[PDB]
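Participant: File protein_1.txt below, compact mmCIF, C-alpha atoms:
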# COMPACT_ATOMS: atom_id res chain seq x y z
CA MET O 1 161.63 34.13 24.84
CA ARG O 2 158.39 33.81 22.86
CA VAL O 3 158.52 36.12 19.82
CA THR O 4 159.83 33.77 17.12
CA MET O 5 157.57 33.99 14.06
CA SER O 6 158.89 30.85 12.35
CA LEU O 7 158.10 27.18 12.91
CA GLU O 8 161.61 26.03 11.97
CA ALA O 9 163.15 28.70 14.20
CA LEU O 10 160.87 27.54 17.03
CA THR O 11 162.14 23.95 16.79
CA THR O 12 165.85 24.78 16.82
CA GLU O 13 165.22 27.08 19.79
CA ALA O 14 163.30 24.28 21.52
CA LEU O 15 165.95 21.66 20.73
CA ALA O 16 168.68 24.00 22.00
CA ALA O 17 166.74 24.61 25.22
CA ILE O 18 166.26 20.87 25.75
CA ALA O 19 169.95 20.08 25.27
CA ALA O 20 170.88 22.87 27.70
CA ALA O 21 168.56 21.60 30.46
CA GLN O 22 170.90 19.71 32.80
CA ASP O 23 168.24 18.81 35.40
CA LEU O 24 165.01 16.83 35.38
CA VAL O 25 163.13 19.66 37.12
CA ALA O 26 164.65 22.12 34.64
CA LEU O 27 163.64 19.76 31.81
CA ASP O 28 159.96 20.17 32.70
CA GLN O 29 160.63 23.92 32.85
CA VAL O 30 161.76 23.75 29.22
CA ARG O 31 158.72 21.64 28.34
CA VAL O 32 156.15 23.82 30.14
CA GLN O 33 157.05 27.03 28.29
CA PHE O 34 157.31 25.18 24.96
CA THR O 35 154.20 22.96 24.75
CA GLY O 36 150.66 23.50 26.04
CA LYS O 37 151.06 25.84 29.00
CA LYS O 38 150.23 28.97 26.95
CA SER O 39 153.40 28.47 24.91
CA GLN O 40 154.02 29.30 21.25
CA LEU O 41 152.82 25.87 20.09
CA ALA O 42 149.50 26.33 21.92
CA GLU O 43 148.88 29.77 20.41
CA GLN O 44 149.74 28.49 16.92
CA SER O 45 147.43 25.49 17.35
CA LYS O 46 144.58 27.77 18.44
CA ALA O 47 145.10 30.11 15.47
CA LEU O 48 145.33 27.26 12.94
CA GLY O 49 141.92 25.98 14.06
CA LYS O 50 140.12 29.33 14.11
CA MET O 51 139.52 30.28 10.45
CA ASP O 52 141.17 27.61 8.29
CA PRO O 53 138.87 25.17 6.47
CA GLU O 54 141.55 24.35 3.91
CA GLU O 55 144.49 26.18 5.51
Now that the file is in, can you turn its structure into C-alpha cells?
Facilitator:
Amino acid sequence: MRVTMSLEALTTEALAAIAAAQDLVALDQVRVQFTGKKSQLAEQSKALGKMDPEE
C-alpha cells in the first residue's frame, strides 16, 4: 500500500506491518517501503520542506 493520506493512519499501518514481520529479512522489507526508500515518509518530508517557511 501507499495511498494513506493521514499521518496517524500511516503509523498504525506501519506498526501493524512491523508486528506482522516474522523474519529479519522481512523486517527490512517492512522498513524499506516505510522509511526513506521512496516511501510515504520520504515524500511527506520532501513536500514539507518545499514551500513551508512557517508550515
Participant: Quick one: 3 Å padding each side, axis-aligned, all listed atoms of stretch 19-37 of chain O - centre and edge lengths in Å to one decimal, as JSON?
Facilitator:
{"center_x": 160.8, "center_y": 21.9, "center_z": 30.9, "size_x": 26.2, "size_y": 16.2, "size_z": 18.4}
Participant: Near residue O:4, counting only C-alpha atoms, which residues have an atom at most 12 Å away, once you skip same-chain residues fewer than 2 positions from it, shown as a list in words?
Facilitator: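 My list of contacting residues is residues 1, 2, 6, 7, 8, 9, 10, 11, 12, 13, 14, 34, 39, 40, 41 and 44 of chain O.
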Participant: As an exercise, work out the distance from atom CA of residue O:51 to atom CA of residue O:33 in Å and give it to one decimal place.
Facilitator: 25.2 Å
Participant: In Å, with one decimal, what is the gap from atom CA of residue O:45 to atom CA of residue O:31?
Facilitator: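 Distance reported for this atom pair: 16.2 Å.
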Participant: Mind giving me the straight-line distance from atom CA of residue O:37 to atom CA of residue O:55 in Å, one decimal?
Facilitator: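 We find that atom CA of residue O:37 and atom CA of residue O:55 lie 24.4 Å from each other.
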